[PDB]
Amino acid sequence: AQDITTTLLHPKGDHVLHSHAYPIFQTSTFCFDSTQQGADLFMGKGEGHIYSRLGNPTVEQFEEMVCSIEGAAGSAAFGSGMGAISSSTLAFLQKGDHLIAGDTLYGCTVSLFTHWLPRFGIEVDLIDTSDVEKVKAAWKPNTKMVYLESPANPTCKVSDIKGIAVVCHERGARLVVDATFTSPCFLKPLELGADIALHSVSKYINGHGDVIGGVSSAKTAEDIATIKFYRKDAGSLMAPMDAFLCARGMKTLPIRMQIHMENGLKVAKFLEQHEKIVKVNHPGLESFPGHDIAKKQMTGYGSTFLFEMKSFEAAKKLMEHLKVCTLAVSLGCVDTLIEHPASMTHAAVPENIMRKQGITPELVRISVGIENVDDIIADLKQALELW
């Protein structure tokens, strides 16, 4: 069986005009040969293109690469991870439906689920999905979907994706998994029983900190068709240039992830043994609750994780005196980023949910890049040992 490195470098499809790199189809529309040919494409008959919102060759090339690593029936690219998330939930959920979602989610996902979904008559509970019994207890006759992020942003809380998938499968609910934090090299939710696997491509998949985009992949042709139908009307599109950039970043995804995984673990171990650090939430550490599940259900770890300092002042002093790490939000970039969730990525999260998420002023999140790991550790060490 051919390695994923090779698969990503050799995607299926004809070359265009013998071009080795796939061209950028910076076009809005496409030409018809005849009234019939154009009519037929609008009915889904024949091969070809109509209009970039319905399908653009460069974006489709990126979709096929993701589809190939997810093992999906199809993938849909979007203008952002939030586009993928809206389109993977609201394409299916309608008034009177019930959604169970993790209680520790990316801030704007909490915003979408707690502000917008209830306005559309959709019932939403945020539940601790690290415990399958709590998921079952929150289940209702109208539950149509469970939505999980695991490991969760930013605390890395692990959910039992396989265990929850069994209950979804028995009860007729879709299981949707945001695998952004781990990448499809290491977490393949469709292999664990999910119906839909999605990512912010803005993070690891693209990897170069220069594109916002999203992708969603479905286990069935019907589900990916419905998602694309929603996309056509909701309009979160990946631009041709951004698709060219995402496909290009993904060409190095397997080797970047290997380096991220190993750097991340080494940085977490360094932090865990350091006297200034109270606790390290990296799901690859034996000390981490849920390490046993992550180890079984994933084939590696991402390199974004959280650690606890002794105070807010210690956290600030660390974050502001680094020379290699960059103070900024986002994650999954080739270079190391660091931020303060309580006052940044999660500052818009309701106090109620903040308290249950376990997010405090002492926490710092680091997204470890592919720099030489000793250089990253020496940067953290000099800031930690400051006068």
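From 1 onward, residues are counted along the sequence shown.
According to the PDB record, 346-354 carries the higher mean C-alpha B-factor of the two stretches 346-354 and 322-330. Higher mean CA B-factor, judged across 124-132 and 251-259 from the recorded values: 124-132.
Sorting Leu105, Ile227, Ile212, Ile196 by the CA temperature factor given in the entry leaves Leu105 at the top. Listed residues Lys203, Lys219, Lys188, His115 were ranked by CA B-factor as deposited; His115 comes out on top.
Annotation for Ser68: C-alpha temperature factor in the middle third relative to the rest of the modelled chain, per the entry.
When all modelled residues of the chain are sorted by CA temperature factor, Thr58 is found within the lowest third. Among the modelled residues of its chain, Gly74 has a C-alpha B-factor that falls in the lowest third according to the deposited record. Sorting the modelled residues of the chain by their CA temperature factor places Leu306 in the middle third. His291 sits in the highest third of its chain by CA B factor, as recorded in the PDB entry.
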